[PDB]
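The chain that follows stands alone, in the form deposited in one PDB entry, written as structure tokens.
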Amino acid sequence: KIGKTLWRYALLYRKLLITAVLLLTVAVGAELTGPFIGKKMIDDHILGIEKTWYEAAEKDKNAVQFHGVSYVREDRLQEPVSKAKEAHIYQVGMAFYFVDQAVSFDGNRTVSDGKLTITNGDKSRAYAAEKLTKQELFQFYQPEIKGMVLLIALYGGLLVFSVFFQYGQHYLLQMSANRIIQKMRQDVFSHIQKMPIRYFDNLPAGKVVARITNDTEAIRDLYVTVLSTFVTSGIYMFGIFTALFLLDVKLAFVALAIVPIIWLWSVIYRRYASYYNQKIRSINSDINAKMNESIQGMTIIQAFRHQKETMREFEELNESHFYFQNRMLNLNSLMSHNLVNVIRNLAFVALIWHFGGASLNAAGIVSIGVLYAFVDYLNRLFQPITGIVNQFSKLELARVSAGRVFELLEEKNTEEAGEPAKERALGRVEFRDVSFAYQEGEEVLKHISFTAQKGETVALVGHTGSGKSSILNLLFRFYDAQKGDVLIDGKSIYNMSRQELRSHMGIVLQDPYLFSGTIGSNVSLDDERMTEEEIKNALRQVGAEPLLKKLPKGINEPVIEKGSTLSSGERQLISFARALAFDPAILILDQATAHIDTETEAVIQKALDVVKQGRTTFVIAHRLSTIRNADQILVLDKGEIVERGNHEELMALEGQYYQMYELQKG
């Protein structure tokens, strides 16, 4: 499935891939024609002197005047003199020997009394021969000079030509990869906005960030590897193999016999490297964890004199890690490049065997040009092996990361709904013996039935683990009640879009979140839909906070550090300011501050008083002192509303409020 999805995302942007492939093909074609130019230069011009020569006239018709007689090569012949006048130029040792006579056999050569004997092991016809000094040879080589120049030009021309296409393709491919990843990223984030709240509750916030970003990076590396290395190497090897077959078919098959070598090498190297690398990484993770847990909280390590044992464990880890590093080194020292050099020298030996075998046969021709072409092609062919094997071993991590991202994408149980609200809530809200269970067969709220009037400050006060926060979750539809029913102004909550509902309400939580950025954007949550109504902070208070430095309507940015520098009281203050700025109809206060301080909570009380006005407020708190004025308190036990009424009515029977108010003081 991973391969299918990767191919599907690659199919997008297929124009870039097609263009890059074509450019790469042209570049490789030119780079590999170069050696044909070199081979022709060598053979057809240097070794063409050994080809026959025929005497002719002297009108510079491709002829060279040896002493007083002009000759022309057979290739540059117009049949003026072909059969009677046949000349040759052999070379024995370092000397070049001109024979002015026709010949029949060809084999080993020696000169004893000027009679160049060509034995060949069958019979030796001795022909008188001369030496050509050092300048006469030049005169037989002079004409070819022009041809070579042209050939040279071609090389250079093609060379610079080829250059441009490489830069063309490597770029495009990269872009392709990057672009695909970008698309992928967007998709995942979109899906994140459609998952239920459960998904986030039952999984740490750290892992989802990793899944969104680091796994996308791993897939990007996978794409870069695949394209740039594998496709390029495949095309390059196919081109080299085409060239070799065009040159000589016999050695082409021998050179084709190397592919199983690469196959087996890659298989074995992967088989061992995967295991050793896995052990190394696990041990390094353990070492880092041990070092961290020791560096933190070392006071008891020193107090109880545990230094020796911790050092013992650390050295055990160190010994194992060092051992596996050495094993990986052994594997490398037996495959990484030594095997390449062995194969390279073995190829040299094979070339020598093949060509020297033909030479001794006395029938085949050495054709040094083909030798040059093959050495060049094999040097280019043996280059990409180490990469190929390394990334082949490494592919597995990326394959697992891609699997993870795709199983994330393919989730089915998602939320699909969205629209702005079209009417003002009016704050009527009712409950109908709702009963919600978080996971299963364990009920946290049972038969919760109540009604809240337009009068605000309807607090829910109970005990720890009594099922108060679940009311907030059911009210914002973060979770479905699974039983009963909830009504907003006579309209069912479960018959309308979630965003529309959340548009009617507001929330303040225990930990006010301070998004990185400026205050103005933070107060408006970078909505951009609202004008300078952030001045609503004033309604809370001023406290000279804008006067301390710059302004908080997009002019001050003290939140870049998560708001740690700002006081916690100021954090809740900006939370209330945002809640009022959005100006909802129903306000829910989830406050569980562990210390009033009796100094920093006056501002919170004032903000609650100023914001609760003209709304329907639910105050989720257990202080029972700021909620003295509530129009209606509600106390529930183990998920059931045991008692309900006003503070005065609930003080008609002393009970729970009595115990709290009495034992809490001092």
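If you superpose the two forms and keep the largest set of C-alpha atoms that fall within 1.5 Å, you have the rigid core. In this text, residue numbers run from 1 along the sequence as written.
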Inset, instruction - Check whether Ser564 has no coordinates in at least a third of the other compared PDB entries of this protein, counting only entries that model residues on both sides of it. - result: yes
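What comes next is about the form deposited in another entry, which does not appear here.
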Inset, instruction - Choose, among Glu79, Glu309, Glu416, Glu442, the residue with a C-alpha displacement of 2 Å or more between the shown form and the other one when the rigid core is used for superposition. - result: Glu79
Legend entry - Rigid core fit then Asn537 CA moved by 2 Å or more between the shown form and the other one: yes
Legend entry - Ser359 C-alpha moves between the shown form and the other one by 2 Å or more, core aligned: yes
Inset, instruction - Return yes or no for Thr19: a CA shift of at least 2 Å between the shown form and the other one, with the rigid core superposed? - result: no
Legend entry - Sense of CA distance change between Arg628 and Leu539 in the other form, threshold 3 Å: farther
